[PDB]
Every structure is written in C-alpha cells, then in structure tokens.
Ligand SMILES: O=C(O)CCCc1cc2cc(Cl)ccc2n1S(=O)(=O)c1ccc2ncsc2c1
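As structure tokens, one chain now follows by itself in the form deposited without the named molecule.
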C-alpha cells in the first residue's frame, strides 16, 4: 500500500466515523475494559452474582404492573429498555455515515430494521468478559452464571451473546476498528425490501476499503483479521435468528412466569 489521496480519503473517512461513534456512544470499549480490569475510578460498579445481590443492587442502582414480577422478567425488561435506547444511539450514528441519508428513506429504515440487532450484539461484546456484562451504563455488572441460573426460557437468553463475545473479543478490536465495522453492517445491500441496492453497495465498498486499511494499520501482528471479521457477520445473522426465535417463545408465555409468584402465595396459604 502507498500514502496517496485515496489512502488519505479512507483515513479521513475512518477519523470521521470514530469521532461520530464517540458522540453517538457514551460507554465505549476503552471505557468498558477500564471498568472491567478495575483500572478505573469513574465508578466501581455493583456486582449482581445471586438473588441476594440482585435485590440489594436493584434498590441502589418501569411501569407499576411491570414493577412486581418474577426476577427473570424484571431483568428481561431492563434489556428491552436498553435495546430501545441502543436503537436511537445507532440511528444517531447511521446519520453521520457519508451517503446514508442521501438514499431512499424506506431503504434507510430497512437497513436499521435488520441492522440494529447485529450492532447491539457487536457492541454488547465490548461490555463483556468471561465473568459477565456491564449494565446501567457501567454502574452494575451481572454475572454470566447468575444470568444462566434464571428460570427457563430466560436462563438461555444471554448465553449465546457470551459465546459470540468470547470469540469476538479475542480479535482485540478497538473503538476505531468497531466504528467502521458497524457502518459496514448498517450498509448491507443483501437485505429484504430495498429499492436501490446499488448506492448502498457503493458506500459499503468504500467502508470495506476503509476497514481493510484500518485493520492493516491498526493490527500489524495478527492477519486474515479482515476475513475473520467478515466471517463474524455470519455468526451475527445466526445469533439474531436464535434471539428472535427465542423472543417468540417469550412473547407466547406472556404472563405465565409473572403469575407463578402469586399462585405460590395462594398455594402455601391453602
């Protein structure tokens, strides 16, 4: 590769996406890793490792009907809430990608329809180590084992995200890597119900060039890092499918899991 106006443009495009990513996302991976390795002071987050620490930490760290449920559904609702504010941050980030807004506004909504879920799993890995996950913008940390201990089907909810993350986090990407990767994902041309594929594919080819040069510059030691990273976009499609398939079984047994607390109370009296 050479220093030239083409290489310079791709660096300028990467700089633009980083700064825009730093503005769109309060809790970055650098911040996260700091809190996770205890070399922070911003905040020492509250650790939820059992039912005891759950309730001791819930007070200290939602509508009124949704207040009073099985511990499972209270936490799941914490993930529904976060998943809704995550979508706005990503929509904010999407806007700052050269060419994105200048497309069919129906194509934009489509690219974010299917995009958001993959980005959420991508950025979730940033908040994760082998022991658990940063929640409530880094103020808590819920353990993998506590999450796995929850009532079925909920106790299977986060476990694939952890498996993805371990593999993903071993690539050792930083916020400047992830910024371009995330923009590559959003401008996916092979997505359902798109009018003008071509201009989405054009932006993405430029983003893929930007990513390649980023990974070569930023990861001298590792290699086929570029290809390993495009393969992850497959592990993500499969994880999303499994998440949605799971959310079907969870939106089917709507309040069978929130009733059983009260059926137990009525049972003990009887």
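Heads up, when I say rigid core I mean the largest set of C-alphas that superpose within 1.5 Å between the two forms. Positions refer to the first chain, counted from 1. Shifts are known only where both forms have a C-alpha.
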Note whether residue 67 lacks coordinates in a third or more of the other compared entries that model its flanking residues.
yes
Residues with no coordinates between residue 61 and residue 62, taken from the deposited sequence as a class
4 to 9
Which is higher in the entry, the mean Cα B factor of 6 to 14 or that of 255 to 263?
255 to 263
On average, which has the higher Cα B-factor in the deposited entry, 227 to 235 or 197 to 205?
197 to 205
Per the entry, which of 52, 241, 214, 65 tops the list for Cα B factor?
65
Scanning 30, 47, 36, 56 for peak Cα temperature factor in the entry gives 56
Sorting the chain's CA B-factors, does residue 160 end up in the lowest, middle or highest third?
lowest
Against its chain's modelled residues, does residue 117's Cα B factor rank lowest, middle or highest third?
middle
For the chain shown, is the CA B-factor of residue 110 in the lowest, middle or highest third of its modelled residues?
highest
Please say which third, lowest, middle or highest, residue 132 falls into when its CA temperature factor is compared across its chain.
lowest
Residue 76 - which third its CA temperature factor falls in, relative to the rest of the chain
highest
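Just so it is clear, the following notes concern the form deposited with the named molecule bound, a form of the same protein that is not shown.
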Using a 4.5 angstroms cut-off on non-hydrogen atoms, would residue 243 count as touching the named molecule in the entry with it bound?
yes
Residue 158 versus the named molecule, in the entry with it bound: is there a non-hydrogen atom within 4.5 Å?
yes
Non-hydrogen atom contact residue 259 with the named molecule in the entry with it bound at 4.5 angstroms:
yes
Quick check on residue 82: any heavy atom within 4.5 Å of the named molecule in the entry with it bound?
yes
Could you work out which of 120, 185, 200, 97 is the residue within 4.5 angstroms of the named molecule in the entry with it bound, going by heavy atoms?
120
Taking the named molecule in the entry with it bound, which residues along 243 to 268 bring a heavy atom to within 4.5 Å of it?
243, 247, 259, 263, 267
Residue 22: after superposing the rigid core, is there a C-alpha shift of 2 Å or more between this form and the one not shown?
no
Is residue 256 among the residues whose Cα moves by 2 Å or more between this form and the one not shown after superposition of the rigid core?
yes
Pair residue 260/residue 50, Cα separation in the entry with it bound versus the displayed form, closer or farther by 3 angstroms or more
farther
Under comparison with the form shown, the C-alpha atoms of residue 257 and residue 50 in the entry with it bound shift by 3 angstroms or more, placing them farther
Send over the list of consecutive residue runs, 3+ long, where the C-alpha shift is 2 angstroms or more at every position between this form and the one not shown on a core fit.
62 to 66, 254 to 270
